[PDB]
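Peer 1: Protein chains in written order, with the authors' numbering: chain D, 253 to 302; chain C, 253 to 302; chain S, 5 to 152; chain s, 9 to 152; chain S', 5 to 152; chain E, 50 to 146. A prime marks a further copy of an entry chain.
Have a look at the structure that comes next, please.
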Amino acid sequence: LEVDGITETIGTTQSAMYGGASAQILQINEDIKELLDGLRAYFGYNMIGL
Amino acid sequence: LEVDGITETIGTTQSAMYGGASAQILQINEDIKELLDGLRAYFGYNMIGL
Amino acid sequence: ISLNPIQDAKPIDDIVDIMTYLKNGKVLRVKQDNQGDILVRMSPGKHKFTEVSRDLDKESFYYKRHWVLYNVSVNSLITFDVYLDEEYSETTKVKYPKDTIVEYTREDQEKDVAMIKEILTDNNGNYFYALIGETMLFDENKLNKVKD
Amino acid sequence: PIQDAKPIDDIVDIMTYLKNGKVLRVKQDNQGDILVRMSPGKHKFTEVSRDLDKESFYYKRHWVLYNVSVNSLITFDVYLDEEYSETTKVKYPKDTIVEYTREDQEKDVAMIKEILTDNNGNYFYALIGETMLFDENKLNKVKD
Amino acid sequence: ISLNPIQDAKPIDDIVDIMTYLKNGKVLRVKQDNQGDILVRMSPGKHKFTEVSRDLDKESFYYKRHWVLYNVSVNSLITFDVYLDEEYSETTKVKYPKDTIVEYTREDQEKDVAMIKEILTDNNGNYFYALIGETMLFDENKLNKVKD
Amino acid sequence: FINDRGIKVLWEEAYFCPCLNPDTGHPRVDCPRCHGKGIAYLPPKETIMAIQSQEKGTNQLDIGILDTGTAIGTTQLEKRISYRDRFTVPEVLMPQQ
Ligand SMILES: [Zn+2]
Ligand SMILES: [Zn+2]
Ligand SMILES: [Zn+2]
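Structure below.
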């Protein structure tokens, strides 16, 4: 906005190909992948005879 | 922001593609991977007979 | 084969009853001319003060209204119509409210003006209109409004 | 007792009196007193006056519109203008921080609960939490 | 089932005792109105001079305070409250400090004002308040403050 | 935007006092509504306004020193200011001697 010589200007994280919180969502995926894989090792793989 | 002859401009590390602390997190990962891979050699792989 | 008559949201004119309801804590809804429709409330507890909310819907388990302190003016209440929030609702935004003078075509091809005394609804949600001097209830399309 | 004050409790009574058109007196904090009034005629709206003295041939009140807030009315004290008393000549006003000594020679603070006088003009004061009366000298005006 | 009373950080009013403590080298903490809270110290050794630090915490093995030379003013000390850094702490930022006049509701539904003479704490960290003329200790929620 | 960049200010409208002399057309020296100035004022209205270019222009003359300068302001929407309206900014203090 430019009003009577005043000027206010903002550029957000929102973009045509990235969402506003998608920076955090991506980081949460990187966090879950480390956490989730490490926890499946505690329970282990399933097996059934045939 | 420009008011009455005084103006200021700031550009943060925030971006649509990466969060403001993403650089610190990504360096933490680089250290943890080295730190964790080296420490696994202190304990070693797991084996079970079958 | 119909639904019983639906009451219109009576506007409140007397300031005294408005203040009495407010002191009782019952919610009020104020139709501001310039900046839309708002809710007005008296703060609970000892620290008495008026509060406003623009969370303009009936309170629900999934939708809880947020109240901001505001210095509501007497003149605002007087000049603006106010309704009890228990009544004013989307249920029936009838085109021709009760006590409204409307123009209706009679069987003799002579247009007459009558005041709507009773309004009801049916299964389809239609608006049956009762006009003084006649028993048959008219429909929305048949009627007409005359303004000024 | 003294008849110098008759504050209104309910705002509903205030609105009822305003409908009747009687003037009101509304106190302020570290600020001038105010008179409030309902305008006559077709259009009804609140009016205020910074003047306080009674109307006379040599003194007339001035009225203007103002968006008076109900918060002021409910919070601040309100009186009928005609029946208000200018001052009661006592050292301490009502609802004022004061200090005293209890029956066991223990010092304690309190606010004035009631202002009283005898027929000879001697003034007695009752404090909160103290049923007995206190002399003007026995009290002490606490500094803010 | 409680913890013993906690002393409040007594402000120091007399300039003479302030200067004596400073000459002894004991640290002082000055609450500047405009630019926050600072520490004041006398330099050790022969080269005597006043020093300031904004390393505003208790000294710790892992957190050592850095001292900058400054020309502290007498008027600054006089007009600004000063505390001994051994006392002033985050431990108890009580809403109603000692000697404060507070308004409390009595059992007879009559609000009275009393000065807090003693304050203590319990397992949960609550703030029990002692008021003159009464033995029972009140709680934070019951009380109220009157300002001006 | 205006509420953000503005400053809290009291807006009081202006209107000619009734005390004006009907024949000369000039005001009474002292009256409650206007203190000698020929223009009275209404009750104030709390308002946020933006202000720029504030100038304390000093003119030194035979009559003495005089303070006069230009300050450019920008209001909110729907507000219709009038000539010789008056504003006062409690927040900002000005030194004088
Ligand atoms: Zn299994
Ligand atoms: Zn092993
Ligand atoms: Zn005048």
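A virtual CB, placed ideally from N, CA and C, is assigned to each residue, including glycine.
In the region 70 to 84 of chain s, which residues sit with their C-beta less than 8 Å from some C-beta in chain E, listed in chain order?
Peer 2: Listed in sequence order: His70, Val72, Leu73, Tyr74.
Peer 1: Quick one: using the 10 Å Cβ neighbour count with 16 as the cut-off for buried, is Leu288 (chain D) buried or exposed?
Peer 2: To locate residue 288 (chain D), count along the first sequence from 1; it is residue 36. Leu288 (chain D) comes out exposed.
Peer 1: Can you pull the chain S residues whose beta carbon is under 8 Å from the beta carbon of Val20 (chain s), in chain order?
Peer 2: By one-based count along the fourth sequence, residue 20 (chain s) stands at place 12. Residues of chain S passing the Cβ test: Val20, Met23, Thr24, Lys27.
Peer 1: Can you tell me which of the three DSSP states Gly290 (chain C) falls into?
Peer 2: The count along the second sequence starts at 1 and reaches residue 290 (chain C) at position 38. In this structure, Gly290 (chain C) counts as helix in the three-state DSSP scheme.
Peer 1: If you follow the alpha helix (DSSP H) that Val20 (chain S') is in, where does it begin and where does it stop?
Peer 2: Along the fifth sequence, one-based indexing puts residue 20 (chain S') at 16. Start and end: 19 to 28.
Peer 1: Report yes or no: do three or more beta-carbon pairs, one from the region 90 to 106 of chain S and one from the region 117 to 127 of chain S, lie closer than 8 Å?
Peer 2: Yes, they touch.
Peer 1: Cβ of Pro92 (chain E) less than 8 Å from any chain s Cβ?
Peer 2: Numbered from its first residue, the sixth sequence carries residue 92 (chain E) at position 43. It does; some Cβ of chain s falls within 8 Å.
Peer 1: Any contact between the region 88 to 95 of chain S and the region 5 to 14 of chain S? By contact I mean 3 or more CB pairs, one from each, below 8 Å.
Peer 2: Yes, the region 88 to 95 of chain S is in contact with the region 5 to 14 of chain S.
Peer 1: Please compile the residues from chain C whose C-beta is within a distance smaller than 7 Å of the C-beta of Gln125 (chain E).
Peer 2: The count along the sixth sequence starts at 1 and reaches residue 125 (chain E) at position 76. Within 7 Å Cβ-Cβ: nothing; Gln125 (chain E) doesn't reach chain C, min ~17 Å.
Peer 1: Does the beta carbon of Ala99 (chain E) come closer than 8 Å to any beta carbon on chain D?
Peer 2: Within the sixth sequence, numbered from 1, the residue matching residue 99 (chain E) stands at position 50. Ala99 (chain E) counts as touching chain D.
Peer 1: Using the Cβ count rule (16 or more neighbours within 10 Å means buried), how would you classify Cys83 (chain E)?
Peer 2: In the sixth sequence, the residue the question calls residue 83 (chain E) occupies position 34. Label assigned to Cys83 (chain E): buried.
Peer 1: For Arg54 (chain E), does the three-state DSSP call read helix, strand or coil?
Peer 2: Here residue 54 (chain E) corresponds to residue number 5 of the sixth sequence, with the count starting at 1. Helix, per DSSP.
Peer 1: Could you list the residues in the region 110 to 121 of chain s with a C-beta less than 9 Å from some C-beta on chain S', going in chain order?
Peer 2: Listed in sequence order: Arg110, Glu114, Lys115, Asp116, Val117, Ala118, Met119, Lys121.
Peer 1: Looking only at C-alpha atoms, which of s:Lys27, s:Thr83, s:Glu94, s:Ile82 sits nearest to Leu60 (chain s)?
Peer 2: Your numbering for residue 60 (chain s) matches position 52 in the fourth sequence. Among s:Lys27, s:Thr83, s:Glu94, s:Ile82, the Cα nearest to that of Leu60 (chain s) belongs to s:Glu94.
Peer 1: What separation, rounded to the nearest whole angstrom, lies between the Cα atoms of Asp37 (chain S') and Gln279 (chain C)?
Peer 2: In the fifth sequence, counting from the first residue as 1, residue 37 (chain S') sits at position 33. In the second sequence, counting from the first residue as 1, residue 279 (chain C) sits at position 27. About 42 Å.
Peer 1: Pull up the DSSP beta-bridge partners for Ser57 (chain s), would you.
Peer 2: Position 49 of the fourth sequence, counting from 1, holds the residue named residue 57 (chain s). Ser57 (chain s) is bridged to s:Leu43.
Peer 1: Between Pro71 (chain E) and ligand 3, is the CB less than 7 Å from at least one heavy atom?
Peer 2: In the sixth sequence, counting from the first residue as 1, residue 71 (chain E) sits at position 22. Checking the Cβ of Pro71 (chain E) against ligand 3 gives no.
Peer 1: In chain D, which residues lie less than 9 Å from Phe50 (chain E) when you measure between Cβ atoms?
Peer 2: Working through the sixth sequence from its first residue, we reach residue 50 (chain E) at position 1. In chain order: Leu253, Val255, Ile258, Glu260.
Peer 1: Could you say which of s:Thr83, s:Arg69, s:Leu73 lies nearest to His51 (chain S) if we only look at CA atoms?
Peer 2: Sequence index remark: in the third sequence, residue 51 (chain S) carries index 47 (1-based). Here the closest residue by C-alpha is s:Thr83.
Peer 1: Report yes if the C-beta of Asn127 (chain S') is less than 7 Å from at least one heavy atom of ligand 2; otherwise report no.
Peer 2: Locating residue 127 (chain S') in the fifth sequence gives position 123, where the first residue counts as 1. No, ligand 2 has no heavy atom inside 7 Å of this Cβ.
Peer 1: Apply the 10 Å Cβ neighbour rule to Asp18 (chain S') and answer buried if 16 or more other Cβ atoms are within range, or exposed otherwise.
Peer 2: The residue given as residue 18 (chain S') occupies position 14 in the fifth sequence. Exposed is the call here.
Peer 1: Say whether the region 73 to 83 of chain S touches the region 288 to 297 of chain C, bearing in mind that this needs 3 or more beta-carbon pairs closer than 8 Å, one atom from each stretch.
Peer 2: Contact between the region 73 to 83 of chain S and the region 288 to 297 of chain C is absent, because fewer than three Cβ pairs lie under 8 Å.
Peer 1: If you draw a straight line from the C-alpha of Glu104 (chain E) to the C-alpha of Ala120 (chain E), how long is it?
Peer 2: Locating residue 104 (chain E) in the sixth sequence gives position 55, counting from the first residue. Locating residue 120 (chain E) in the sixth sequence gives position 71, counting from the first residue. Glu104 (chain E) and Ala120 (chain E): Cα-Cα distance of roughly 6 Å.
Peer 1: For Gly118 (chain E), tell me which candidate among E:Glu140, E:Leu126, E:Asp111, E:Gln101 has the shortest Cα-Cα distance.
Peer 2: As a position in the sixth sequence, residue 118 (chain E) is number 69, starting the count at 1. Ranking E:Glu140, E:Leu126, E:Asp111, E:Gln101 by Cα distance to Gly118 (chain E) puts E:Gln101 first.
Peer 1: List the endpoints of the continuous beta strand (DSSP E) containing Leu115 (chain E).
Peer 2: Walking along the sixth sequence from the start, residue 115 (chain E) turns up at place 66. Residues 113 to 116.
Peer 1: Of the choices S:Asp21, S:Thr24, S:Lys102, whose alpha-carbon is the least far from that of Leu135 (chain S)?
Peer 2: Indexing the third sequence from 1 puts residue 135 (chain S) at position 131. Taking only the C-alpha atoms, the option nearest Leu135 (chain S) is S:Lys102.
Peer 1: Would you say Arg110 (chain s) and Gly40 (chain S') are within 8 Å of each other, going by their C-beta atoms?
Peer 2: Your numbering for residue 110 (chain s) matches position 102 in the fourth sequence. Your numbering for residue 40 (chain S') matches position 36 in the fifth sequence. Against a cut-off of 8 Å, the Cβ pair of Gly40 (chain S') and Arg110 (chain s) comes out as no contact.
Peer 1: Using a Cβ cut-off of 9 Å, which residues of the region 49 to 67 of chain S contact any Cβ in chain s, in chain order?
Peer 2: Those residues of the region 49 to 67 of chain S that come within reach of chain s (Cβ to Cβ, closer than 9 Å) are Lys52, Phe53, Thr54.
Peer 1: With hydrogens ignored, establish whether the beta-carbon of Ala63 (chain E) is closer than 7 Å to any heavy atom of ligand 3.
Peer 2: In the sixth sequence, counting from the first residue as 1, residue 63 (chain E) sits at position 14. Every heavy atom of ligand 3 is 7 Å or more from the Cβ of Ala63 (chain E), so no.
Peer 1: The alpha helix (DSSP H) that contains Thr83 (chain S'), what's its start and end?
Peer 2: One-based indexing of the fifth sequence puts residue 83 (chain S') at position 79. Looking at the DSSP string, the run of the alpha helix (DSSP H) that includes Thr83 (chain S') is 78 to 83.
Peer 1: Do three or more CB pairs link the region 108 to 115 of chain E to the region 81 to 96 of chain E at distances below 8 Å?
Peer 2: Counting Cβ pairs under 8 Å, fewer than three are found: no touch.
Peer 1: State the DSSP-derived secondary structure class of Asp116 (chain S'), mapped to helix, strand or coil.
Peer 2: For this step, residue 116 (chain S') is matched to residue 112 along the fifth sequence. Note: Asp116 (chain S') maps to strand in three-state DSSP.
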